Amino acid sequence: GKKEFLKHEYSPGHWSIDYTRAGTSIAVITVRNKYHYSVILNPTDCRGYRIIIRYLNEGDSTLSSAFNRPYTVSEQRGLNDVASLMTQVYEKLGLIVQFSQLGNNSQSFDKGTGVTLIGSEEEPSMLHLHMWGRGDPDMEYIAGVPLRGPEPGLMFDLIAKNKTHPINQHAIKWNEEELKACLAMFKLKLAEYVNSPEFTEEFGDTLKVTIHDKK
């Protein structure tokens, strides 16, 4: 029992379930008519136009049933397919694409027992990854929105809650008009891409994309 999963009940209004309330949703994407994923701009860090790609659920299962558990190869594969799709939006913006599947902020370690715990009271462990663009940090690749982040060549720090020492970067909160501009362009570039021959030839029918209408 070296790796353990937290057993815990999260409120329906917890941000992990009510994921659109932050107002940053780009789309929902369904893989092989079964696995459902959300693509949102990161609500707490605008650097590199960061997105989070998150596995919601399979079929009609609850979002909760996909917390704090091992993920199947199909679930992982679907996340990675949605990631492959989203890389093309960064490419069409003229950016170098980077991405990471981490989960550090919902993982912990007890040195006394040697146990690695997956999930916390504040944050469920969800199958998800981060994606962002690199380029000139001062260039507005989307009009009115500087890319931000460190210059190419340097490590982009995604910011772990748990640190052993201070770092030389921090998250940058979204300006409201900039968030709206970035969101609109991500939606448009994705919608355009889904209409391309490249999309059809590579994904065929296996990915269905529904752009989120602002509420």
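Start at 1 and count along the sequence shown; that's the residue number.
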(message) Mean Cα B factor from the PDB record: higher for 156 to 164, or higher for 185 to 193?
(response) 156 to 164
(request) Between 204 to 212 and 4 to 12, point out the one with the higher average CA B-factor as the PDB entry records it. (result) 4 to 12
(message) Comparing recorded Cα B-factors across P43, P146, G59, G149, which one is largest?
(response) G59
(message) Among the choices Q98, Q101, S120, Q88, identify the one whose CA B-factor in the record is greatest.
(response) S120
(message) Considering every modelled residue of the chain and its Cα B-factor in the PDB entry, is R77 in the lowest, middle or highest third?
(response) middle
(request) Classify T113 as lowest, middle or highest third according to the C-alpha B-factor given in the PDB entry, relative to its own chain. (result) highest
(request) Rank-wise, by C-alpha B-factor, drop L63 into the lowest, middle or highest third of its chain. (result) highest
(message) Lowest, middle or highest third: which one holds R50 when the chain's residues are ordered by CA B-factor from the entry?
(response) lowest
